[PDB]
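Taking it in order: structure first as C-alpha coordinates, then the write-up.
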Amino acid sequence: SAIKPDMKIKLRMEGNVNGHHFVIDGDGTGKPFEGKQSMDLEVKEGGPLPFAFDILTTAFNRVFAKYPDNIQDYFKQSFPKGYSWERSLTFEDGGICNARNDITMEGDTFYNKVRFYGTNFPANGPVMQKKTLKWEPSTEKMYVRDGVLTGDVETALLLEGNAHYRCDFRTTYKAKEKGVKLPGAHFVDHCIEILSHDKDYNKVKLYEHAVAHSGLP
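Going by the entry's author numbering, the letters in the sequence shown line up with residues 2 to 61, 65 to 221, in that order.
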(Lines of atoms letter the chains of each structure in order from A and count residues from 1; the text may use other names and numbers.)
(Lines give C-alpha, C1' and ligand atoms only; values in the text may rest on other atoms or scores of the structure.)
Protein backbone atom coordinates (compact mmCIF):
# COMPACT_ATOMS: atom_id res chain seq x y z
CA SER A 1 0.00 0.00 0.00
CA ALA A 2 1.44 3.40 -1.15
CA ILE A 3 -1.14 4.96 1.29
CA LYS A 4 -0.28 5.01 5.05
CA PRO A 5 -2.87 4.98 7.89
CA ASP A 6 -1.96 8.67 8.63
CA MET A 7 -1.55 11.02 5.59
CA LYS A 8 -0.91 14.82 5.64
CA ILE A 9 -2.95 17.20 3.39
CA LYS A 10 -1.62 20.32 1.54
CA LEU A 11 -4.13 22.45 -0.40
CA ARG A 12 -4.34 25.73 -2.38
CA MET A 13 -7.71 26.91 -3.81
CA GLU A 14 -7.88 29.84 -6.28
CA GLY A 15 -11.48 30.89 -7.03
CA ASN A 16 -13.97 33.57 -8.08
CA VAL A 17 -17.63 33.77 -6.88
CA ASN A 18 -19.84 36.47 -8.52
CA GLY A 19 -16.61 38.29 -9.61
CA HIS A 20 -14.90 38.17 -6.14
CA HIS A 21 -11.32 36.71 -6.39
CA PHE A 22 -9.82 34.74 -3.44
CA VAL A 23 -6.91 32.40 -2.53
CA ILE A 24 -7.22 29.90 0.39
CA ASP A 25 -4.42 27.59 1.74
CA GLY A 26 -5.15 24.30 3.58
CA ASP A 27 -2.99 22.24 6.00
CA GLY A 28 -4.46 19.07 7.60
CA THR A 29 -4.23 15.32 8.40
CA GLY A 30 -6.47 12.30 7.66
CA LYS A 31 -6.92 8.53 8.23
CA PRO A 32 -7.75 7.17 4.74
CA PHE A 33 -8.85 3.69 6.05
CA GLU A 34 -11.17 5.20 8.76
CA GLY A 35 -12.65 7.73 6.26
CA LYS A 36 -11.81 10.79 8.45
CA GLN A 37 -9.94 14.08 7.66
CA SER A 38 -9.56 17.50 9.39
CA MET A 39 -7.72 20.55 7.95
CA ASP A 40 -7.01 24.19 8.90
CA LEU A 41 -8.00 26.71 6.16
CA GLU A 42 -6.64 30.31 5.89
CA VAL A 43 -7.92 32.97 3.41
CA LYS A 44 -4.64 34.40 1.92
CA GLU A 45 -6.24 36.92 -0.55
CA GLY A 46 -9.69 38.57 -1.08
CA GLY A 47 -10.74 38.38 2.63
CA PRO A 48 -13.05 38.95 4.20
CA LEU A 49 -15.13 36.79 1.77
CA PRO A 50 -18.45 38.49 0.82
CA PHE A 51 -20.27 35.10 0.45
CA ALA A 52 -21.15 32.06 2.67
CA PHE A 53 -17.94 30.02 3.32
CA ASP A 54 -20.17 26.87 3.31
CA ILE A 55 -20.42 26.80 -0.57
CA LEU A 56 -16.63 26.09 -0.66
CA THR A 57 -16.29 23.27 1.91
CA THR A 58 -17.07 20.16 -0.27
CA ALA A 59 -14.26 21.39 -2.63
CA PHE A 60 -11.81 21.18 0.36
CA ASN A 61 -10.76 13.92 -1.84
CA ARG A 62 -12.74 10.59 -1.67
CA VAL A 63 -9.44 8.76 -0.78
CA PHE A 64 -10.69 9.66 2.78
CA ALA A 65 -13.65 7.19 2.89
CA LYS A 66 -13.96 3.77 4.64
CA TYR A 67 -14.41 1.19 1.81
CA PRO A 68 -15.50 -2.38 2.69
CA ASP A 69 -13.60 -5.34 1.07
CA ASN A 70 -16.57 -6.04 -1.28
CA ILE A 71 -16.44 -2.62 -3.11
CA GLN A 72 -13.57 -1.69 -5.53
CA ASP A 73 -11.77 1.40 -4.04
CA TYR A 74 -11.00 3.40 -7.24
CA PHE A 75 -9.47 6.25 -5.16
CA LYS A 76 -6.87 4.32 -3.05
CA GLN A 77 -5.95 2.31 -6.25
CA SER A 78 -5.33 5.68 -8.05
CA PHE A 79 -2.07 6.33 -6.07
CA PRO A 80 0.69 7.09 -6.13
CA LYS A 81 0.03 8.76 -9.58
CA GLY A 82 -3.24 10.29 -8.22
CA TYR A 83 -6.57 11.39 -9.79
CA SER A 84 -8.67 14.49 -10.71
CA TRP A 85 -12.37 15.31 -10.23
CA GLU A 86 -14.65 17.95 -11.82
CA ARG A 87 -17.93 18.97 -10.11
CA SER A 88 -20.94 21.11 -11.12
CA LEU A 89 -23.09 22.44 -8.20
CA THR A 90 -26.64 23.67 -9.07
CA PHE A 91 -28.54 25.66 -6.36
CA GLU A 92 -32.38 26.03 -6.34
CA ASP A 93 -32.17 29.86 -6.97
CA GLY A 94 -29.99 29.76 -10.16
CA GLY A 95 -26.56 29.89 -8.43
CA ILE A 96 -24.23 27.55 -10.41
CA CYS A 97 -20.50 26.71 -10.22
CA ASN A 98 -17.74 24.36 -11.39
CA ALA A 99 -14.99 23.04 -9.05
CA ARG A 100 -11.99 20.83 -9.96
CA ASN A 101 -9.19 19.20 -7.89
CA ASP A 102 -5.98 17.62 -9.28
CA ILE A 103 -4.67 15.37 -6.43
CA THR A 104 -1.00 14.16 -6.29
CA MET A 105 0.99 12.29 -3.59
CA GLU A 106 4.60 12.92 -2.39
CA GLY A 107 5.72 10.61 0.47
CA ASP A 108 3.18 11.00 3.32
CA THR A 109 1.36 14.06 1.78
CA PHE A 110 -1.62 14.59 -0.60
CA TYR A 111 -1.21 17.86 -2.61
CA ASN A 112 -4.48 19.46 -3.87
CA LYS A 113 -4.62 22.03 -6.72
CA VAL A 114 -8.25 23.28 -6.33
CA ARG A 115 -10.16 25.77 -8.56
CA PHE A 116 -13.66 27.05 -7.61
CA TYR A 117 -15.81 29.31 -9.92
CA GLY A 118 -19.32 30.48 -8.92
CA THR A 119 -21.78 32.80 -10.76
CA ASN A 120 -25.49 33.78 -10.99
CA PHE A 121 -25.98 33.99 -7.17
CA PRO A 122 -28.75 36.55 -6.46
CA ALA A 123 -27.49 39.58 -4.42
CA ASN A 124 -30.42 39.11 -1.91
CA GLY A 125 -29.87 35.28 -1.74
CA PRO A 126 -28.67 33.31 1.33
CA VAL A 127 -25.14 32.82 -0.19
CA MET A 128 -24.32 36.55 -0.80
CA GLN A 129 -26.17 37.55 2.48
CA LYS A 130 -24.29 34.85 4.53
CA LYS A 131 -27.45 33.11 5.95
CA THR A 132 -26.13 29.47 5.68
CA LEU A 133 -25.59 27.35 8.86
CA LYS A 134 -24.30 23.99 7.47
CA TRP A 135 -24.57 21.13 4.92
CA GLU A 136 -27.00 18.32 5.91
CA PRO A 137 -25.48 14.81 5.94
CA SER A 138 -25.71 13.39 2.35
CA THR A 139 -25.49 10.11 0.35
CA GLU A 140 -23.38 10.20 -2.88
CA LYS A 141 -24.63 7.66 -5.51
CA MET A 142 -21.57 6.21 -7.37
CA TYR A 143 -22.08 4.71 -10.88
CA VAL A 144 -20.43 4.57 -14.36
CA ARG A 145 -21.78 6.84 -17.16
CA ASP A 146 -20.10 6.42 -20.62
CA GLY A 147 -16.94 4.86 -19.08
CA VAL A 148 -16.49 7.59 -16.39
CA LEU A 149 -16.96 7.13 -12.59
CA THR A 150 -19.78 9.61 -11.66
CA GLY A 151 -21.17 10.67 -8.23
CA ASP A 152 -24.61 12.35 -7.79
CA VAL A 153 -25.61 14.14 -4.51
CA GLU A 154 -29.10 15.66 -3.84
CA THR A 155 -28.47 17.74 -0.65
CA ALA A 156 -29.29 21.08 1.07
CA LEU A 157 -27.73 23.85 3.21
CA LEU A 158 -29.65 24.57 6.46
CA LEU A 159 -30.41 28.36 6.58
CA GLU A 160 -31.14 30.78 9.46
CA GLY A 161 -34.88 30.38 10.29
CA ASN A 162 -35.50 26.62 9.84
CA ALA A 163 -35.30 26.81 5.98
CA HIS A 164 -33.28 24.63 3.51
CA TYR A 165 -31.42 25.71 0.31
CA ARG A 166 -31.21 22.73 -2.11
CA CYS A 167 -27.94 21.46 -3.76
CA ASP A 168 -27.52 19.04 -6.72
CA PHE A 169 -23.81 17.98 -7.18
CA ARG A 170 -22.48 15.88 -10.08
CA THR A 171 -18.77 14.84 -9.80
CA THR A 172 -16.72 12.95 -12.45
CA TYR A 173 -13.61 11.11 -11.11
CA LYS A 174 -10.62 10.12 -13.35
CA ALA A 175 -7.45 8.19 -12.34
CA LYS A 176 -4.22 9.53 -14.01
CA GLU A 177 -3.13 5.88 -14.66
CA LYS A 178 -5.00 4.21 -17.59
CA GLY A 179 -6.44 0.79 -16.57
CA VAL A 180 -7.43 1.42 -12.93
CA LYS A 181 -10.61 -0.79 -12.98
CA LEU A 182 -13.92 1.10 -12.49
CA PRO A 183 -15.90 0.00 -9.41
CA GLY A 184 -19.52 -1.24 -9.46
CA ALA A 185 -22.26 1.26 -8.50
CA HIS A 186 -22.36 1.96 -4.69
CA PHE A 187 -23.02 4.71 -2.07
CA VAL A 188 -20.84 7.02 0.10
CA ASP A 189 -22.47 8.65 3.19
CA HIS A 190 -20.89 12.07 4.00
CA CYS A 191 -20.64 14.03 7.34
CA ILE A 192 -19.02 17.51 6.70
CA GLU A 193 -18.83 20.14 9.54
CA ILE A 194 -16.99 23.42 10.37
CA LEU A 195 -15.49 22.67 13.84
CA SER A 196 -14.28 26.27 14.49
CA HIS A 197 -13.98 29.69 12.74
CA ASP A 198 -12.94 33.32 13.47
CA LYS A 199 -15.24 36.37 12.94
CA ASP A 200 -15.32 36.53 9.08
CA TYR A 201 -14.27 32.90 8.34
CA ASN A 202 -10.65 33.92 7.50
CA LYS A 203 -9.57 30.84 9.58
CA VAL A 204 -11.70 27.63 9.55
CA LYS A 205 -11.19 24.09 10.94
CA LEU A 206 -13.02 21.57 8.66
CA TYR A 207 -13.90 17.89 9.37
CA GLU A 208 -15.38 15.20 7.06
CA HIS A 209 -16.38 11.55 7.81
CA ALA A 210 -17.29 9.33 4.79
CA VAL A 211 -18.31 5.61 4.56
CA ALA A 212 -18.92 3.50 1.39
CA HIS A 213 -21.82 0.92 1.50
CA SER A 214 -24.09 -1.13 -0.88
CA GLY A 215 -27.30 0.37 0.65
CA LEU A 216 -27.90 -2.30 3.37
CA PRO A 217 -27.32 -1.63 7.12
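For every residue, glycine included, the Cβ atom is placed at its ideal position computed from N, Cα and C.
By the 16-neighbour rule on beta-carbons within 10 angstroms, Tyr169 is buried.
A direct Cα-to-Cα measurement between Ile107 and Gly29 gives close to 15 Å.
For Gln133, the enclosing alpha helix (DSSP H) covers residues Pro130 to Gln133.
Under a 10 Å Cβ-count criterion, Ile10 is classified as buried, with 16 or more other Cβ atoms of the shown protein chains found around its own Cβ. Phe191 carries a strand assignment under DSSP once its states are collapsed to helix, strand and coil. In this structure, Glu181 lies near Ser82, with their beta-carbon atoms less than 8 Å apart. Taking a cut-off of 8 Å on C-beta distances, the stretch 137 to 144 touches the stretch 183 to 196, as three or more cross pairs fall below it. In this structure, DSSP gives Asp156 an extended state, which the three-state scheme calls strand. Distances from the CA of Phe114 to each of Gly155, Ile100 and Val67 were compared; the closest alpha carbon is that of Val67. Short of 6 Å from the beta carbon of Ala69, and not among the five residues preceding or following it, lie these beta carbons of its own chain, in chain order: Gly36, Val192, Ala214 and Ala216. Taking C-beta atoms under 8 Å as the contact rule, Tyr177 and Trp89 qualify, at a distance of about 5 Å.
Following the DSSP letters along the chain, one finds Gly16 inside the beta strand (DSSP E) bounded by residues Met8 to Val18. Inclusion of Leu163 and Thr136 in the CB contact set at 8 Å is warranted, their separation being smaller than that value.
The straight-line gap separating the alpha-carbon atoms of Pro6 and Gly188 is approximately 25 Å.
For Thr175, same chain residues with a beta-carbon under 6 Å away, outside a window of 5 residues either side, are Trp89, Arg91 and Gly155 in chain order. In this structure, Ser39 lies near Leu210, with their beta-carbon atoms less than 8 Å apart.
Apart from the 5 residues on each side of it in sequence, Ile100 sits with its Cβ closer than 8 Å to the Cβ of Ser92, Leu93, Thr94, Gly122, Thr123 and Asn124 in its chain, given in chain order.
Scanning the stretch 92 to 142 from its first residue to its last, the whole beta strand (DSSP E) runs of 3-plus residues come out as 100 to 110, 113 to 123 and 136 to 139. Pairing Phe54 with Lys207, the inter-Cα distance amounts to about 10 Å. Here DSSP, grouped into helix, strand and coil, assigns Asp41 to strand. CA-CA distance, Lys85 to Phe79, rounds to 11 Å. In the DSSP assignment, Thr175 falls within the unbroken beta strand (DSSP E) covering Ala167 to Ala179.
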